[PDB]
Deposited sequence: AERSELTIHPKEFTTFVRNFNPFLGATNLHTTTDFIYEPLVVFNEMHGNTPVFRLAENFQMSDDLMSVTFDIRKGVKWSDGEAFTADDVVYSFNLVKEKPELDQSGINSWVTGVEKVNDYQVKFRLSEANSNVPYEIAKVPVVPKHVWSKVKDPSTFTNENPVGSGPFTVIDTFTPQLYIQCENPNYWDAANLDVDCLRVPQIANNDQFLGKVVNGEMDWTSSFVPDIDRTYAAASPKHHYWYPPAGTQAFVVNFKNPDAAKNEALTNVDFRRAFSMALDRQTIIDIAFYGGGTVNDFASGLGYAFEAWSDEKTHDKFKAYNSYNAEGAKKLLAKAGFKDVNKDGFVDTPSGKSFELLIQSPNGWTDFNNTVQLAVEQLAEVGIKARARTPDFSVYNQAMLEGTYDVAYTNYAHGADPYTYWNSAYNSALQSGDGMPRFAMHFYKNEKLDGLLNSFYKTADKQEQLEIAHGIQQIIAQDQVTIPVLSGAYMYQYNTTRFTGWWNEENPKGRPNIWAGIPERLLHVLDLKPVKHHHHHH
């Protein structure tokens, strides 16, 4: 049998948990591979919908119905039907802790129309809602209804719809997830098993990938041409452009001195001008990125959406200018009053910014250490922390952090970045990710975001985008640094069929949250 070695997520030890709603504690081979979506939107190719368990869908406006593919079975053998979909969406509406997106804010309810067809009722006008709906995991009703506790259910013997449901081998350091015996698309599948080794950080990953022990990965790799590519003719990669990375500052820091600094727009702009974004790219990412000098975080890949007058107005604040940063600090009134060379707050208080990035994410760790040095050059005191991801994440959810370095989801239009990074509704909820947790709130901004897909008028949507750009830019809510890359390494020793620059069928990454990985694995063939 052919075994495909993949690495979606760092772990110190595997805990057997295949619960699709528990994104913070499950294994990252659950979505897509155990639970196939209704539709995969191919985001690299204009969000072209690729139909899987649903064969079609139809909007109307307010209304949308999905037709279900008939003759699909679960891995046990039972039939896949429309009440599985209905069952699944009810669950999350009642337990909004399993809402990892904000889906409950859009869908008011769901109704079975027949054995292969389901209607979805909306809260507001949203031409983008089929994309949102595809995010919700569909689980089997003949199992999860018999389940007493979904919020804690670990689901160690999963019944799934996807290509790999069979747990063949499981240890704290290795598991192997094999083909669903009843898989509906089996004629299309040429890989027998997914092989998933425990790897805790980038250092551990590097030794393994360079030794040719991996097949499909998406980790940071330093000096990739000399370390990884040069080791074997079988060692390849392809890094299509990805999303924004930024320093995010906590507007609700509990320390008086740090709050005084972080909530000050002159201070955020001077922080931003202290940074040398191209040096960060050159050193921390070995060239693997593009400068992002948009105060709104938009990035150069959306030139067509950008209001260039706005971009030009605030670009000086997002360009390397150490002398300008020192002048702005002086003008704002951050004066050093205790002879240590670091500026103090207007109220006379000293402070040091603690900047966090996740443990093991060494490209971001190095970025933070570079920024620390650069900030010290303009008299801003900071130092780095590299906490375990869950600690890092919890600090942002609870608002106990000072500054955090983070990437963001990247979509075919600016909404994916702008909504996830700035919609204040995403700052409360216990299924919420880190991305909006600066705790800046602007009601006009939320309104513009909530209207982005409200009309089917392209010109108006463009005007809404320009308004969102204006607001974020003038308030320098975050400090955008660069636009990153979809890191992706593949090995042709054991498999062929890979997406790459000459075969760019979609986002090639193995991360959970990249639905296209289902379509990718269906293209792979054993050598």
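Where C-alpha coordinates are absent, the deposited sequence of this PDB chain has the segments 1-2, 64-65, 532-538.
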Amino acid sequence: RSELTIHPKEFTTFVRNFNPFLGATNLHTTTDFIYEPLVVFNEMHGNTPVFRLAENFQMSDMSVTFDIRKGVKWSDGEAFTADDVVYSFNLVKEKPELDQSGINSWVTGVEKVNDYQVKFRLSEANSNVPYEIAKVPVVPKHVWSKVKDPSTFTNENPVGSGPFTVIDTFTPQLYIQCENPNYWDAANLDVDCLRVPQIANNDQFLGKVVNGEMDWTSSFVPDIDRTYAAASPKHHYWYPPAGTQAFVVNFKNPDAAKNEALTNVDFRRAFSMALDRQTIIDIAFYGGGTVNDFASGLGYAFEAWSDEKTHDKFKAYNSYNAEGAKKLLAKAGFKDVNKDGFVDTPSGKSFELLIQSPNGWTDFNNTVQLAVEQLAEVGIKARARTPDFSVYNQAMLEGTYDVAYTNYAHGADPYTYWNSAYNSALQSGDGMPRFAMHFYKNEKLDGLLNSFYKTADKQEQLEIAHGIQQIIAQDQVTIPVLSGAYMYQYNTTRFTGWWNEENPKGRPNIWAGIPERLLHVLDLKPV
From here on, numbers count along this sequence of modelled residues.
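Once the C-alpha B-factors are averaged per stretch, 133-141 and 414-422 rank with 133-141 first. Of the two segments, 468-476 and 28-36, the one listed with the higher mean B-factor is 28-36 (C-alpha atoms only). The PDB entry assigns its highest CA temperature factor, among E502, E460, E43, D67, to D67. Highest C-alpha temperature factor among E213, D336, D363, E308, as the PDB entry reports it: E308.
Residue-level temperature factors show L518 in the lowest third of its chain, judged at the C-alpha atom. The PDB entry assigns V50 a C-alpha temperature factor belonging to the middle third of its chain's modelled residues. Sorting the modelled residues of the chain by their CA temperature factor places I510 in the lowest third. For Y239, the recorded CA temperature factor ranks within the lowest third of the chain's modelled residues.
Split the chain's modelled residues into thirds by C-alpha temperature factor. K146 is in the highest one.
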